[PDB]
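K.L.:
Here it is, the structure in full.
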Amino acid sequence: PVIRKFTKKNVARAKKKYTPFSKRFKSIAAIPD
DNA sequence: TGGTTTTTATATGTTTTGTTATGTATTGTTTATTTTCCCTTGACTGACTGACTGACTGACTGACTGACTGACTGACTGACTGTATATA
């Protein structure tokens, strides 16, 4: 029923992440080398 | 435990509105010069109206005039009173 007011389909979205490394150890002691 | 949905970050697209610099044309600024009729300056012109010359008829003193009024005085008529006259 809805209509998008303007289309982007030839987009090529890149599979790249927004979570930095700062948020996959969660502590100073929690980090490997 | 385990699969699914909802929101968000990044990335891009869309549209409206407002900012700044500029080159060309119009018009203003200053200064010098000539013409136009409005506004001062003034004698001429025409009616005006103050002092001087005429004048005109009502007011108070000159009392006047003349009839009338007021005191005096004699004339006269009525009331008072004596001389007189008559009778017992």
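Going by the structure tokens order, chains are called A, B, ..., each with residues numbered from 1, while ligands are numbered from 1 in the order shown.
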Applying 9 Å and only C-alpha atoms (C1' of nucleotides), which residues near segment 3-16 of chain A remain after dropping the ones on its own chain fewer than 5 positions away? List them as a list in words.
P.N.:
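Surrounding residues, per the criterion: residues 11, 12, 13 and 14 of chain B.
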K.L.:
For those residues, write N, CA, C and O atoms (P, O5', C5', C4', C3', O3' and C1' of nucleotides) to a file as a short mmCIF file (atom, residue, chain, number, x, y, z; two decimals), in the first residue's frame.
P.N.:
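Writing done, so here's selection-v7.cif:
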data_model
loop_
_atom_site.label_atom_id
_atom_site.label_comp_id
_atom_site.auth_asym_id
_atom_site.auth_seq_id
_atom_site.Cartn_x
_atom_site.Cartn_y
_atom_site.Cartn_z
P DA B 11 30.12 6.08 6.38
"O5'" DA B 11 29.32 6.12 5.00
"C5'" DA B 11 28.51 5.01 4.57
"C4'" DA B 11 27.53 5.43 3.50
"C3'" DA B 11 27.80 6.76 2.77
"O3'" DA B 11 27.94 6.55 1.40
"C1'" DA B 11 25.56 6.63 3.51
P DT B 12 28.58 7.70 0.48
"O5'" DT B 12 27.32 8.20 -0.36
"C5'" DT B 12 26.54 7.30 -1.08
"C4'" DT B 12 25.10 7.78 -1.12
"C3'" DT B 12 24.90 9.08 -1.87
"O3'" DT B 12 24.48 8.84 -3.19
"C1'" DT B 12 23.46 8.81 0.04
P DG B 13 24.32 10.08 -4.20
"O5'" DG B 13 22.79 10.44 -4.09
"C5'" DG B 13 21.84 9.44 -4.25
"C4'" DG B 13 20.46 9.99 -4.01
"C3'" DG B 13 20.20 11.30 -4.71
"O3'" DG B 13 18.95 11.28 -5.29
"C1'" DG B 13 19.72 11.51 -2.43
P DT B 14 18.46 12.54 -6.14
"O5'" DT B 14 17.57 13.33 -5.07
"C5'" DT B 14 16.34 12.81 -4.70
"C4'" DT B 14 15.50 13.89 -4.07
"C3'" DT B 14 15.49 15.16 -4.86
"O3'" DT B 14 14.27 15.68 -4.83
"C1'" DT B 14 16.16 15.64 -2.70
#
K.L.:
Quick one: pick out all helix (DSSP H, G or I) residues within chain A from a backbone DSSP run and write them as a PDB file with N, CA, C and O atoms, in the first residue's frame.
P.N.:
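What ended up in part07.pdb:
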ATOM      1  N   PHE A  21      36.472  -2.070  18.088  1.00  0.00           N
ATOM      2  CA  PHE A  21      37.108  -3.053  18.947  1.00  0.00           C
ATOM      3  C   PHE A  21      36.918  -2.713  20.412  1.00  0.00           C
ATOM      4  O   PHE A  21      36.905  -3.623  21.247  1.00  0.00           O
ATOM      5  N   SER A  22      36.669  -1.437  20.736  1.00  0.00           N
ATOM      6  CA  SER A  22      36.531  -1.000  22.124  1.00  0.00           C
ATOM      7  C   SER A  22      35.419  -1.721  22.872  1.00  0.00           C
ATOM      8  O   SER A  22      35.366  -1.627  24.104  1.00  0.00           O
ATOM      9  N   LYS A  23      34.547  -2.437  22.168  1.00  0.00           N
ATOM     10  CA  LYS A  23      33.374  -3.083  22.713  1.00  0.00           C
ATOM     11  C   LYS A  23      33.342  -4.547  22.315  1.00  0.00           C
ATOM     12  O   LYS A  23      32.308  -5.069  21.887  1.00  0.00           O
ATOM     13  N   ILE A  28      39.959  -3.474  30.586  1.00  0.00           N
ATOM     14  CA  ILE A  28      41.407  -3.395  30.420  1.00  0.00           C
ATOM     15  C   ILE A  28      42.056  -4.756  30.640  1.00  0.00           C
ATOM     16  O   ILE A  28      42.975  -5.146  29.912  1.00  0.00           O
ATOM     17  N   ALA A  29      41.611  -5.489  31.653  1.00  0.00           N
ATOM     18  CA  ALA A  29      42.125  -6.829  31.883  1.00  0.00           C
ATOM     19  C   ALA A  29      41.586  -7.845  30.891  1.00  0.00           C
ATOM     20  O   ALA A  29      42.106  -8.963  30.830  1.00  0.00           O
ATOM     21  N   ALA A  30      40.582  -7.477  30.103  1.00  0.00           N
ATOM     22  CA  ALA A  30      39.834  -8.427  29.303  1.00  0.00           C
ATOM     23  C   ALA A  30      40.386  -8.590  27.899  1.00  0.00           C
ATOM     24  O   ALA A  30      39.711  -9.188  27.056  1.00  0.00           O
TER      25      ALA A  30
END
